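As you go down the protein sequences, you meet chains B and A in turn. Once you know that position 42 of the first sequence is 102 in the entry's author numbering, the rest is easy, because the numbers rise by one and skip nothing. Once you know that position 20 of the second sequence is 80 in the entry's author numbering, the rest is easy, because the numbers rise by one and skip nothing. For every residue, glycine included, the Cβ atom is placed at its ideal position computed from N, Cα and C. For reference, the structure is listed below as structure tokens.
Number of protein chains: 2
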Amino acid sequence: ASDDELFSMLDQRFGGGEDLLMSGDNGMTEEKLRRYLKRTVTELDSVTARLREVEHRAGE
Amino acid sequence: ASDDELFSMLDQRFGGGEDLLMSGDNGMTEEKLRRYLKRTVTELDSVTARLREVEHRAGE
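And the structure:
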């Protein structure tokens, strides 16, 4: 499966909707793996971090 | 900060506890970034995905 497909899911979550052209000029694989991964672990850690409380407090 | 520090938390979340030696023999940065990124994306896309319902349904 194309890596872009997975990264696409992040494109919307990390910053869905915009105006400026996304364009593209990544040096290699790491370049993309740098921002998406560094961000993913944090986002991944974020959802899980709040998820523990979300189930507890919840919301009407 | 070392990348492993970030990939470590993922190590426990992606599969905490085991038996077989983790070892190590990654070609470069990508190699690690290949699994950790691709995973954390859906991983974050997962928690984020259920969190929306968790707040709602929650649990006694």
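Around the beta carbon of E103 (chain B), a 10 Å sphere encloses 16 or more other beta carbons of the protein chains shown; the residue is thus reported as buried. Per DSSP, the continuous alpha helix (DSSP H) segment holding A109 (chain B) begins and ends at 89 to 117.
Against chain B, a Cβ distance below 9 angstroms from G119 (chain A) picks out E115, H116, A118. Judged by beta-carbon spacing, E115 (chain B) lies beyond the 8 angstroms limit of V107 (chain A), meaning their Cβ atoms are not closer than that value.
In its chain, beyond the 5 residues on either side, no residue has a beta carbon closer than 6 angstroms to the beta carbon of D105 (chain B).
Contact between the stretch 89 to 102 of chain B and the stretch 64 to 78 of chain B is present: three or more C-beta pairs spanning the two stretches fall below 8 angstroms. Burial is judged here by how many other beta carbons sit within 10 angstroms of a residue's own beta carbon; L97 (chain A) has at least 16 and is buried.
Rounded to whole angstroms, the gap between the alpha carbons of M82 (chain B) and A61 (chain A) is 28 angstroms. Note on geometry: alpha-carbon atoms of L80 (chain B) and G87 (chain B) lie some 21 angstroms from one another.
Within the stretch 67 to 90 of chain A, the residues whose Cβ lies closer than 9 angstroms to any Cβ of chain B are, in chain order, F67, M69, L70, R73, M88, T89, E90.
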